[PDB]
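Data block below; observations after.
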Amino acid sequence: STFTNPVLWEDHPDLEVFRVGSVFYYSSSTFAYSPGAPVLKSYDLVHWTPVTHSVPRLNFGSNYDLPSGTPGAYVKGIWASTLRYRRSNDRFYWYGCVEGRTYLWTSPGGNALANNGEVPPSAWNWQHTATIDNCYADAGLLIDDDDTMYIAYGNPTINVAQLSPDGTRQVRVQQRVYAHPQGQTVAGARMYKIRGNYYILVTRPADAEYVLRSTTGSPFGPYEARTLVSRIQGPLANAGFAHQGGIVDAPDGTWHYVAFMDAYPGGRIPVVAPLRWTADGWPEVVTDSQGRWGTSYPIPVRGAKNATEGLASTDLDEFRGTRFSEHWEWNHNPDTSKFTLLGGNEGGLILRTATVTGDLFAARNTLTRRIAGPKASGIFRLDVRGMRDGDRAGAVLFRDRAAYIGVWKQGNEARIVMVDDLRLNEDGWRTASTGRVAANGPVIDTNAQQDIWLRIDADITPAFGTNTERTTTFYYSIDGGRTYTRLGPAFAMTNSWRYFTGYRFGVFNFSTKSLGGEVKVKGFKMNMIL
Numbered sequence: 204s205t206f207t208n209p210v211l212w213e214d215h216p217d218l219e220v221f222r223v224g225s226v227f228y229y230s231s232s233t234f235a236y237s238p239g240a241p242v243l244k245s246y247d248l249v250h251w252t253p254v255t256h257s258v259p260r261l262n263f264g265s266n267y268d269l270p271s272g273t274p275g276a277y278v279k280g281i282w283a284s285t286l287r288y289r290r291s292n293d294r295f296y297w298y299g300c301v302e303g304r305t306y307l308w309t310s311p312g313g314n315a316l317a318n319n320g321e322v323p324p325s326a327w328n329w330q331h332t333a334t335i336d337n338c339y340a341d342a343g344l345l346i347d348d349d350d351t352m353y354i355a356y357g358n359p360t361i362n363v364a365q366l367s368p369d370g371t372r373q374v375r376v377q378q379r380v381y382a383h384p385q386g387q388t389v390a391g392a393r394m395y396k397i398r399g400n401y402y403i404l405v406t407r408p409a410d411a412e413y414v415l416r417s418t419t420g421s422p423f424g425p426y427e428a429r430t431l432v433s434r435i436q437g438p439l440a441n442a443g444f445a446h447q448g449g450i451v452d453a454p455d456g457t458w459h460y461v462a463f464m465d466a467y468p469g470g471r472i473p474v475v476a477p478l479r480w481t482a483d484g485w486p487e488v489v490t491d492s493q494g495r496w497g498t499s500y501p502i503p504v505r506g507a508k509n510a511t512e513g514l515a516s517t518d519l520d521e522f523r524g525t526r527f528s529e530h531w532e533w534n535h536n537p538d539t540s541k542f543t544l545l546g547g548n549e550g551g552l553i554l555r556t557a558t559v560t561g562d563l564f565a566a567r568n569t570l571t572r573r574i575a576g577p578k579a580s581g582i583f584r585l586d587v588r589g590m591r592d593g594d595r596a597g598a599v600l601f602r603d604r605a606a607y608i609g610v611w612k613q614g615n616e617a618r619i620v621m622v623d624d625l626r627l628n629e630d631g632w633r634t635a636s637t638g639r640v641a642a643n644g645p646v647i648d649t650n651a652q653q654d655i656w657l658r659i660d661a662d663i664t665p666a667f668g669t670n671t672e673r674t675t676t677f678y679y680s681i682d683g684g685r686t687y688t689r690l691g692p693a694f695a696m697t698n699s700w701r702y703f704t705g706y707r708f709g710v711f712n713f714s715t716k717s718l719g720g721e722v723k724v725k726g727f728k729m730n731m732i733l
């Protein structure tokens, strides 16, 4: 029984990982996507499924509601943050520093400590619990063995704060518990209590990870460093280096390092290796026989419990019931008066136009989800009969350099179009270009408007550090999805890391004239391209 890396080919960066009984949990960072801070769940560290988000609506300032176009909160919001489960009061604590203040969101755990780490889906209930006016940049929470809470944080040097018993105030801080001896940057703190001593994992961006250990046995350090990895090769080409992430023990006591790689343009994806502990108390990565991060290893937990999630990344989603599956996040906070999940077996998502603008980056209520790699096709099925003069709705390959296939309603004409050259300026994230119609498809009658399928075939095969840009192509069906027609040129995708998040599939609807129009999203399906 073995596994191959990467363990999940979806963009989940700045991961924190820990175990409660039989369950491992993984928290990632989401910038201005809303809900923020997804939590994934796994029985074996290899098969992961999304189960909740720690921040159901971003409460960090009015810019997160995208009230007035770019730069809005693009590439701000949730950077590296931290999640731990507190057994003493059965509560999960998420901390993340956003624009200079640290926000605490918490949820009960449905008595997880007593049920081998399981949390009933209905028990998650995340609430804003505190705002600490100290910036804990790249925070790593530790809930110590005596139930005192510490947070390691900082960039380019590391500090440790002690919080009050309820976790809402700072009561003590020790500055500079670690500084690199050549003045190089460290960041990305995760903090641990292991075998009677304190350890902090830090990244030397973006090619190394160090393991720090308290020299005095106090959580305040100071800490000495040893290398955990530095410029290690494998397990993927053209994806930078395995770094950052965290370490975690399995129920049988063996330890693992879960790191992530810069697999742009798909984004940043997790890889796992075993760890061994030296006689004198330092962790080391178990490489393959050539000193590389292995492409496969033994399964971390044998005979692990099965799935039943519900929706996998590749399952058909017809928006049944009245909440989104955990795969979906809006670009910025949605205007909840302008969308409706109708619910029931029939499902369907109504998107009413929420913004009047010529600029897709300024539009509210663009709904997005991650692209699984290395190659995947995302298919949205819509009814656009409800569109009004000036509306533009469609399926977008969404990032700072974007393209879409969609429908433009102008007077009484509905026409399929493919638009490219949608660009944000990386310096400041204001809009650089509002797009070019690269090709026109057919005018579509009411019957075709009732059931139009829009398909995006995306290649996110890693190309980081190369001179090759991957391409994506777009297709439409107006015969009930039986055949598809190619529209527009192949779209070259950016390998830039500056926007941080990977390319996503999205659906949007806005007006250049006035509000009032709508489309219904009947469903979404992602198919792996083999």
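Residue numbers for the sequence shown follow the working numbering, so the first one is 204 and each next one is one higher. The beta-carbon is built from N, C-alpha and C at its ideal position, and this holds for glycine as well.
Start-to-end residues for the beta strand (DSSP E) that takes in residue i
i	result
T252	252 to 258
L344	343 to 346
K279	No beta strand (DSSP E) contains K279, which DSSP labels as neither H nor E.
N400	400 to 407
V389	From DSSP, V389 is part of no beta strand (DSSP E); its letter is neither H nor E.
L415	411 to 417
residue 175	This structure cannot speak to residue 175, because the chain is shown only from 204 to 733.
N362	361 to 366
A340	That residue, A340, is in no beta strand (DSSP E); it is neither H nor E in DSSP.
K723	721 to 731
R372	Run containing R372: none; DSSP gives neither H nor E here.
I502	Taken as a continuous stretch (DSSP letters only), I502 belongs to no beta strand (DSSP E), as it is neither H nor E.
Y460	458 to 465
Residue span of the alpha helix (DSSP H) that contains residue i, given as start and end
i	result
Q436	Counting along the chain, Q436 falls outside any alpha helix (DSSP H), and DSSP gives it neither H nor E.
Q652	649 to 652
Candidates the options, of which the one nearest residue i by Cα
i	options	result
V374	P216, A382, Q365, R573	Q365
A575	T285, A409, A661	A661
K728	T517, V278, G449, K279	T517
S284	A326, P454, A342	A342
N712	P665, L585, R604, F694	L585
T305	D293, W327, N337	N337
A605	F694, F667, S499, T388	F694
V226	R573, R289, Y246, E549	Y246
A428	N441, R407, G448	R407
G561	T649, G593, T676	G593
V278	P692, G631, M696	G631
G546	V242, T525, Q653, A462	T525
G313	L269, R289, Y298	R289
residue 145	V322, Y679, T371	Nothing can be reported for residue 145: it is not among the residues displayed for the chain, which extend from 204 to 733.
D349	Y426, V461, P368	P368
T481	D455, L431, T675, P501	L431
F667	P454, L439, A390	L439
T649	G726, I502, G589	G589
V258	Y298, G683, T351, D465	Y298
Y339	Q377, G224, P323, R701	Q377
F703	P323, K396, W531, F234	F234
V242	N262, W327, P274	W327
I663	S433, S540, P359, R602	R602
Rounded Cβ spacing between residue i and residue j (contact assumed at less than 8 Å)
i	j	result
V724	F583	6 Å
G638	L690	With 8 Å as the limit, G638 and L690 do not qualify as a contact, their Cβ atoms being about 15 Å apart.
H215	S231	4 Å
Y353	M394	6 Å
Short Cβ contact (9 Å threshold) for residue i with residue j
i	j	result
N208	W496	yes
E529	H256	yes
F708	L600	yes
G420	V380	no
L307	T334	yes
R222	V451	yes
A411	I361	no
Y467	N698	yes
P473	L286	no
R591	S717	yes
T205	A510	no
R567	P537	yes
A476	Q447	no
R595	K578	no
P384	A453	no
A507	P665	no
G357	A565	no
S237	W533	yes
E512	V301	no
Runs of 3 residues minimum, wholly inside the region 642 to 715: which ones carry the beta strand (DSSP E) assignment? Taking only runs of at least 3 residues, the beta strand (DSSP E) segments lying wholly in the region 642 to 715 are 655 to 662, 674 to 680, 707 to 714.
Could you tell me which whole beta strand (DSSP E) segments of length 3 or greater appear in the region 207 to 265? Those beta strand (DSSP E) runs which fall completely within the region 207 to 265 and span 3+ residues are 219 to 223, 226 to 230, 239 to 245, 252 to 258.
Runs of beta strand (DSSP E) wholly within the region 558 to 631 (minimum 3 residues, chain order): List check, beta strand (DSSP E) in window: 570 to 573, 578 to 586, 594 to 601, 604 to 613, 616 to 627.
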